[PDB]
Amino acid sequence: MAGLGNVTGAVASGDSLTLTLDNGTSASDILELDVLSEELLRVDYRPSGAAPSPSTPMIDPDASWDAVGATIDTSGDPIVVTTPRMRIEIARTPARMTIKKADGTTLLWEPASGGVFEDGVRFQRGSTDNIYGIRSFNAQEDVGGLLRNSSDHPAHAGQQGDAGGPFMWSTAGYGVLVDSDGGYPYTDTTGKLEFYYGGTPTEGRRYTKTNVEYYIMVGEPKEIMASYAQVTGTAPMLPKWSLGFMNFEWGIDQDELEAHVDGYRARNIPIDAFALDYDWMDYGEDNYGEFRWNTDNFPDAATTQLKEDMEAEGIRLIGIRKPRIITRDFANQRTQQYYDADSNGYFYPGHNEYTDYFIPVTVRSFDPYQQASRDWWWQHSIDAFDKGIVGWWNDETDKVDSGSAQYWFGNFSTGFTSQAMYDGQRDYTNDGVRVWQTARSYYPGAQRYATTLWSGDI
Amino acid sequence: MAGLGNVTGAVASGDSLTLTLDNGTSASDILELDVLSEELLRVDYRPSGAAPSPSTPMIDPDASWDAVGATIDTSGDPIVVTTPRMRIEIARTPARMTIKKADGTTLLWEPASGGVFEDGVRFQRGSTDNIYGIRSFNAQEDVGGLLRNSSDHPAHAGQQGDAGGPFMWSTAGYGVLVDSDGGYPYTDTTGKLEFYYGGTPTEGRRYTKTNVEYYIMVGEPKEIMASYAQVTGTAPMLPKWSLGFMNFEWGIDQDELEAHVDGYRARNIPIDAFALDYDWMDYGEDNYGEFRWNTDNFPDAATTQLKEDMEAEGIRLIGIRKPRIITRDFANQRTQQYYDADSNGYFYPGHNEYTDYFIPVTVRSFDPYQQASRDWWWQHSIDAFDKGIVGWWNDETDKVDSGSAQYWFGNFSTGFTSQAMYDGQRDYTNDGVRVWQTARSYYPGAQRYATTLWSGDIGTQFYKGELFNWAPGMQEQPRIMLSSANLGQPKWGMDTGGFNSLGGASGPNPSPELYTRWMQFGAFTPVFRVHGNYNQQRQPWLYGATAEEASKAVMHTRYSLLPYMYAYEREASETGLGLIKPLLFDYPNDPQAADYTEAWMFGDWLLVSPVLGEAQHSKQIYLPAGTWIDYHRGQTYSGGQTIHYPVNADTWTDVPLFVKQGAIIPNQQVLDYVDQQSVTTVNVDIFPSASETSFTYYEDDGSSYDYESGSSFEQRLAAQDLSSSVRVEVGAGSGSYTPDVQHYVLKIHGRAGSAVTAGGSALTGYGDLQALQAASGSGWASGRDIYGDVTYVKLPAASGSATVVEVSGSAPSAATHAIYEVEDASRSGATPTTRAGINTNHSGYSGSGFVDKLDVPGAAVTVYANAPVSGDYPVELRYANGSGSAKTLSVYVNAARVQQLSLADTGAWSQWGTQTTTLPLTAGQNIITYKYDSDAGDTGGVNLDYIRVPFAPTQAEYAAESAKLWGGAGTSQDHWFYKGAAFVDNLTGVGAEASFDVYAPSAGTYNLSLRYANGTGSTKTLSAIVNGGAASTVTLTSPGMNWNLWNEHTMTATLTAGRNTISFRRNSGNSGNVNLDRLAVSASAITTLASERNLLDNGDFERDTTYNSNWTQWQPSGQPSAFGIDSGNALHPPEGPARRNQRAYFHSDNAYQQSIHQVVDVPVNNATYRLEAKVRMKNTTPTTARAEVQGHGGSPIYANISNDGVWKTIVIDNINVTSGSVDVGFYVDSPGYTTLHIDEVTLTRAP
Ligand SMILES: [Ca+2]
Ligand SMILES: [Ca+2]
Ligand SMILES: [Ca+2]
Ligand SMILES: [Mg+2]
Ligand SMILES: [Mg+2]
Ligand SMILES: [Mg+2]
Ligand SMILES: [Mg+2]
Ligand SMILES: [Mg+2]
Ligand SMILES: [Mg+2]
Ligand SMILES: [Mg+2]
Ligand code: NI
Ligand code: NI
Ligand SMILES: [Tb+3]
Ligand SMILES: [Tb+3]
Ligand SMILES: [Tb+3]
Ligand SMILES: [Tb+3]
Ligand SMILES: [Tb+3]
């Protein structure tokens, strides 16, 4: 894909330079450079002078900088921008940027092969430089190091503790930040440092851009990171209590929470905060149950009394939130939540509704191979039989498939589960009531114990 | 792979033919043939004539055939069996069967290359015959046809509608059926028809067969199927209603059932049955819920009424059954089902507990990207906010993973979800309450909406693949943290202790070790939190006393660092930089920082390297450029090196933390929570460097966005080491917030001045820190601490003008002890209202008071005291006993009970005395606790003024296992009676050594004593090397062939002031082959260390269970052992050890006796000994449960164990030993379900 062509125009104005580039058409390309600070450059490439697209939410919309008083010399080849901290050269024919430190040290450059183009950025640098940023690792991945010297991993938020973005920097003295909704950073040990928009990523793309808006940082790591925060935003200060210890919990009610807090306080073990999982809310219920306190678990959250008692014992409460709503109550009735969201168009584009589970149980497979086991299994079924269960729908006599639990039942498990009910009911009714059963597997011999076969979850 | 041999014998007998086959050996193979019907042959091949194994349940146990009257002609070759329907030929050499129709048409045969053998059957048939059977297809499989002409699929029951079995037959006129539990049938289009047992199939194999038992059928398909059913069984007739239509339904009550039957019957649409799913039963509940009618859904199932009413409408009822039980109620208590199943052995073998669900819900993702969607979301959150939810734990903003639902959220969903809560909460409270959130992804920009990042559903293990490979563990986390910081999101935390385990939520909690180390780690990360899985508990007291105390301890450090930390929260609002950073931020040019993650910076001025290794005895810590001071031990290390750093694997007390030259660290008294009270004095520890360093102290409301419009306080603090003075510049106050800090107490380390100026006025000097803190108005003092010389300077904070402070001169303190005022220490007890107290209501006390209310069981005070090296420290306790008599209190050090103190009457409550006790301290932080341990026989009921801790020990110790090992030297637990967590072996090759770093106060001769074992039978040698000087020989005699025997080698060494190296090495002239345990060091004669009083081996049961110990066990003949050793972390909630990581247990579900025993020869005969132990018992009261002392020359002594559910201490004093031995033991006699925990067993010489 081609590099920019020759500079035909060069309008300096204050801290900004505006390059017109030949693309062999009557709609020339525009490269706007902007010196935001002594150590931070904004480059906006606009194919054919097209207007720029809106910046993504990466960019802090309220960001602004003091004037710099850069020096912009369009007199010769190359064009030259200067601050006390950095020297930018743009060679005219073809247009190729070189970034240098104030003292002349070359940091990175757009190779003769080509740098910026309509689908992203391409730089070259010291091959031995150490690169950082791009990505982190999630709770399901092999966990690497900090270095990003041979990276093709995409730039994304990811999942399960991951983090990432179009941000690639080096301890050799420079950073590159590209405004993008996802995309494909590339580095290698020949010294490439590149970023492509590419096709629609896995996670989708809701902000598409026609231009390429990027930022060059110059400095030591702390300066680079400060500049990153100027562009994408500083962090608001969090409550001070957030420096304290927090106990998160799932499977908790008001009495257990009070007993916990008393436990930490009795021992002079400091703690500022409890965080609560589903237990705190009426998840599953109508009338915005996923937003509302579960007063069965937390009686005093009927009012503000729970907040205020915990506040008096030095405890803040945190509550879990899921970016979704329940669209059917336990009864199968459509929820108020559903109607309000459907009618205003609040569902995530492309996400249909789906069945999820949320109240766990703990179970453990029984063993039907043992006579004594079978006697026991039957014995505890008599009451259900007397009271109307006369057919035995024996489900899941085959395989457990639940998280890390992938247990198989053996080949005679159907036969033996069937035997339990057969021998049992035949004895208990003096052979007076015929057995009916069904199961979703079959192995030879199982037919002796009065069972049919059904073809499973089709 | 080989086939049968030659026939050597053929015995006809009715319808049976028994053939003996040559295998070359005295035990010939046997092949019995049985004509069961005119069209059915049984074959049993028995290798070496062995008895046949029992047939599997495939075979009908009651099968029965009339006599056939077959014709067996053994008179020639082949042998020939005949019926009207088939003709079976067996060639004699080698034995090979051919099966034919009675008309002589060939059907199938065993090829020359081989037929029946040890593991199966192999036939050949017409290549174009069509084969059927073997298998069907499940509800997750590509579904093929009927034909099985090229089949390798296993024979199995399968899942989800599958069927299968060792049964292969053809329309060409034959079938084959093998009795097997699984196996591998094989067909191909060259005409093979084979079956192999093979190896254990995916489904398991519980019926093994040494023989091969098969059946050959002959006929058209109907006859083959009827023969299949004569062998495996016919089907009993089902009720006639079974031919009717049945409606199965999940999500159904009695009302809907009755409406459905009405609808069918009104329309004359026939139907015979409803089948009910979960709705029918109380699945989830105790007392056999999964077998009992749910009368909320089906009220008239309380009696036979529902049954009889449905009968009368012509409906039969069918109910779903799963072959499993609920082992937990909602309240996470064990169910009656569980207890009956566990106790009688009814669970499927190899299937542990696991997590299921059964009530689905229907949901759909909201879109945070729309402003109007955000407003809506917020509006509905307001009520939960007013009622206590002030932080937003925004989970699952990344990806859906639910069966067919695999939806991704976009890159800005976490930013936008945070935006919703941020913009909303701010507008709603008029910028009055700050926003806290956390999410599990991050993408640039998200930080503008006030959110942290946590590292998701990580694993409860030490590293990826320790227990399972599908999530990372603790050791990977630093890498995730620092990777996040490299992306501009340094407000990072993790689920300390981990979330996931094998089994899901019913899976194990962290080991105490893992828990402890993870808490120490998390305390030096930005967002500090525990979080377990469903119904799990992460409270530190649940993981045993070490975990509690070590976590508490590191927690106190964190909270003392509140003002250090909070300046970095403000920094993140200016530049985005936070509380942590990787070293490469400070060291961009250093290759050894480039990928460094085992250590990082906490603020600007502390480098931390947590102990994350299991059973770790030492760390290799890279320190980059500068001069670092050990935060806890006091020693300096020069930068630009990888240090060897000894850690005490027994206490878990160490958190390696180093102070960076130039450090300026404001700290405060420990609070239970951040705004518990106002803090008026802030301490500033200052470690001056030659270049000016600064730290800007910062205060604000901690609550609101007032800081945004100037409403905050800051004061620049700066320091420099000059030629002959230290300069500290306290800048003027800045900003409109009126801080709470009124005075700074500067603690300027490295110089003890003779003068301290401020604006060209010498400041008033005071005799010590205590008097300086009592004075209003400025002052200075000097002293000594763990770091060495220190000058204290107390000034007003928040002056309108700068103040320069200059410390000049050098006049070191002669103080021999640190002093800890216990009223400033940590106070606790059994409840919030029953803790130890502060008072000033009796005279004669030091400091601002003393500690009272040690007069309700479990009240205690705990001091954190830094020691420079491990060893003996006589620690002085200043107390008041105005009671009338001697009171008792326990002194625990590092969670081990060191002594019961007898504290004499001192005359009155305003008269004070001193008791001095020799404590076993470890290098770095120690946890010294004075407690009313009612459960250990203490009385309580004194008042405590302070303790005093010598700066230097009377004698020092160095663990060998923590020393620097090289040349093959390693650590080990595979011999008995070592000290600490291990010992050093493999001093075998030349070069092998262990190298101790030994600290001396002054240059001199010092005594050494080296504990070693030599089990070789003869004398052996090592070399000693002091400060890389000349080798001296170390000659090590052998007490005999026993490696469980340890001697002292005593010698002297000349040392310098500070760090010395002393190696014990096999140089080439030495023989090596000895074990080293510990190096003791003193200016005096070396005596018995406080840490080594215990005469038992493995008395704390901490040894890794792979390695045995001097403990033996007994149970009555034929009863399973009830005895084990583990951590109690598989239980929910955890039932931890008394100390460290493990404890013994006695348990059985059924009636049982059990004992453990240990016999030790005592060092000194005709003297008095003492047995101490922690014991905890629960559930069923046993007939008998005691510690047992006997064999000592007097009669058996006992101490009974009381059924309390809590840790008690059991003491047997005054064991007068005259036998040379003691036998200590524990014995239980239970009717079942008695669980006893035993721990921290010590046999000591009794004063
Ligand atoms: Ca005191
Ligand atoms: Ca040792
Ligand atoms: Ca223990
Ligand atoms: Mg500007
Ligand atoms: Mg494009
Ligand atoms: Mg409710
Ligand atoms: Mg017969
Ligand atoms: Mg075999
Ligand atoms: Mg009716
Ligand atoms: Mg009920
Ligand atoms: Ni990723
Ligand atoms: Ni299959
Ligand atoms: Tb709980
Ligand atoms: Tb229904
Ligand atoms: Tb059990
Ligand atoms: Tb600052
Ligand atoms: Tb200065």
Side-chain angles (χ1 to χ4, degrees), chain A residues 58 132 136 139 143 145 157 159-161 163 165 171 203 221 226 229 232-233 235-236 239-240 246 248 251 265 272 291 307 314 317-320 328 346 348 351 353-355 357 362-365 373 380 388-389 391 393 398-399 403 405 407-408 411 434 441-445 447-448 455-456, chain B residues 58 139 157 159-161 163 165 203 232-233 235 239 291 307 317-320 324 328 346 348 351 354 357 360 362 364-365 367 373 380 388-389 391 393 398-399 405 408 411 434 441-445 447-448 450 455-456 476 483 486 504 506 529 531 535 572 575-576 585 588 595 673 702 832:
Chain A
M58 292 185 37
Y132 300 99
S136 178
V143 181
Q159 59 168 316
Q160 283 281 0
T171 45
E203 70 273 14
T232 74
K240 192 190 254 149
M246 314 201 206
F248 283 49
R265 296 283 182 256
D272 277 69
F291 290 82
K307 176 178 91 205
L317 305 171
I318 285 149
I320 196 168
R328 286 189 186 282
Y346 294 165
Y348 199 97
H351 296 196
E353 68 189 349
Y354 66 88
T355 294
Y357 293 87
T362 294
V363 302
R364 195 167 165 186
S365 309
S373 192
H380 287 274
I389 307 301
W393 177 17
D398 52 9
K399 189 175 196 297
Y407 306 121
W408 278 95
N411 284 320
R434 287 180 192 182
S441 73
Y442 169 82
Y443 195 80
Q447 70 265 25
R448 295 194 301 272
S455 60
Chain B
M58 286 179 50
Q159 62 174 316
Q160 281 292 4
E203 70 272 7
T232 72
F291 292 82
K307 179 183 83 191
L317 303 172
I318 297 178
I320 200 162
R324 63 187 181 251
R328 301 277 180 185
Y346 299 160
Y348 204 100
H351 292 205
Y354 68 92
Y357 307 89
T362 299
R364 192 171 174 186
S365 318
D367 190 2
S373 195
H380 294 275
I389 299 301
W393 169 20
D398 42 2
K399 176 158 196 284
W408 277 94
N411 291 326
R434 293 172 185 179
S441 59
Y442 172 86
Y443 193 78
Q447 73 273 14
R448 310 193 298 275
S455 78
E476 288 86 20
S483 279
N486 285 357
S506 79
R529 60 195 265 295
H531 177 42
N535 265 339
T575 61
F585 277 29
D595 208 30
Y673 59 93

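Below, read A as the first sequence line, B as the second, and so on, with proteins coming before strands; counting in each chain starts at 1.
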Heavy atoms only, distances under 4.5 angstrom: which of [options] has the most pairs with chain A? Name it, please.
options                                : value
B/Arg434, B/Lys307, B/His531           : B/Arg434
B/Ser506, B/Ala235, B/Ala572, B/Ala405 : B/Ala572
B/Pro239, B/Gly504, B/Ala450           : B/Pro239
B/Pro832, B/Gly576, B/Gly233           : B/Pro832

- Hey, does the side chain of B/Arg448 reach the backbone of A/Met58 with a donor-acceptor pair shorter than 3.5 angstrom? yes

- Output yes when a side-chain donor or acceptor of A/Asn411 lies under 3.5 Å from a complementary backbone atom of B/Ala157, and no otherwise. yes

Chain B: which of [options] shares the most heavy-atom pairs with it under 4.5 Å?
options                                : value
A/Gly314, A/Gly165, A/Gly145           : A/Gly314
A/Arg364, A/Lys240, A/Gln159           : A/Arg364
A/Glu203, A/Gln160, A/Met246, A/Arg265 : A/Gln160
A/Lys399, A/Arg328, A/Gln447           : A/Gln447
A/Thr171, A/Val363, A/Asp272           : A/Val363

Shortest non-hydrogen contact from [X] toward [Y]:
X        : Y        : result
B/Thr232 : A/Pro444 : CG2-CB, 4.4 Å
A/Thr355 : B/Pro360 : CG2-CB, 3.4 Å
B/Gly456 : A/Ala139 : C-CB, 4.2 Å

- Name the orientation class of the two ring planes belonging to A/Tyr357 and B/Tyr357 (parallel below 30°, tilted from 30 to 60°, perpendicular beyond 60°). tilted

- Task: Please examine the side chains of A/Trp393 and B/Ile320, heavy atoms only from C-beta on, and report whether any two atoms are closer than 4.5 Å.
- Result: yes

- Message: One pair to check against side-chain contact (heavy atoms from CB on, under 4.5 Å): B/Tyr348 and A/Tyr407. What are the steps and the verdict?
- Response: CA-CA 10 Å; B/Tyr348 204 100; A/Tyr407 306 121; over 6 Å; no

